[PDB]
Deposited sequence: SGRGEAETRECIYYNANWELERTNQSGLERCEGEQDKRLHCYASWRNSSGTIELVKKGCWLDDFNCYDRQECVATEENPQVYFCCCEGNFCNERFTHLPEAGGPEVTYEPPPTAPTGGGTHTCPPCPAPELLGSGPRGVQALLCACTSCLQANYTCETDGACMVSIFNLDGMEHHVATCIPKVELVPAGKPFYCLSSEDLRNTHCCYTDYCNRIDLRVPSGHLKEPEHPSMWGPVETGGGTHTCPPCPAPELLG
C-alpha cells in the first residue's frame, strides 16, 4: 500500500528540512502504514512538534481520527489510518574511539576498542553474585538518544554505560 501524510518538523532548521508539507512513504506489501502528529497543549495554546508517517503499530489500528488518548501528559501524541488523517487532531482522554575492559577479552589485557560505548552490570545468581563488563559499537546503540542496553530495572540488575576510557570497572 501507499500512504501520503501531512509532514511537519519543528526542529527543521538544525535538521535542515522543510518546515511543513505532505510526504508519501512507500510501504511494505505485508504490513500497513499510518499517519501521526505530536504537539504541546500547555494551557490551550497549541504548539506543533512533528507530523508525518508512522509505520505499522497495533495502537493506530482502525482510527480515522487523530485523538490523543493519553491522560494529561507533557507532550500530546496521536496517530490514525488513511491518507492525510493527521490533517486534524484533538485531545480526548480514554476511559479504559574509546577503550574499556570486557570480561571475556583476556586475550588483550581484558580490553576492547569500540566506537560506541561500554557497559558493566550484574545481579545475584548462580548462588552468590557475578560480574559482567563489555563494550559495544555505535551501531548497536539503539535508540540513538537512549540505548536501552544502558538501562536496567530497579528491582535486581543494575546497569550503566559510559564513554570514558576504562570507566566500566567495579560497583
Counting from 1 along the deposited sequence, the ranges with no C-alpha atoms are 1 to 6, 103 to 140, 216 to 254
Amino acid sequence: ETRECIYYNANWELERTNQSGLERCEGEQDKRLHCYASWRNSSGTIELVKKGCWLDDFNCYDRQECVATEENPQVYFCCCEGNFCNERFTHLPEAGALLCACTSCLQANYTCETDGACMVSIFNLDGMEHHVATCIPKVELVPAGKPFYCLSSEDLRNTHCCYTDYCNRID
From here on, numbers count along this sequence of modelled residues.
Once average C-alpha B-factors are taken from the entry for 44 to 52 and 99 to 107, the winner is 99 to 107
The stretch carrying the higher mean Cα B factor in the deposited entry, 6 to 14 or 148 to 156, is 148 to 156
In this crystal structure's PDB entry, the residue among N59, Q64, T134, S38 with the greatest CA B factor is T134
Max C-alpha B-factor within the set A68, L33, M128, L141 falls on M128
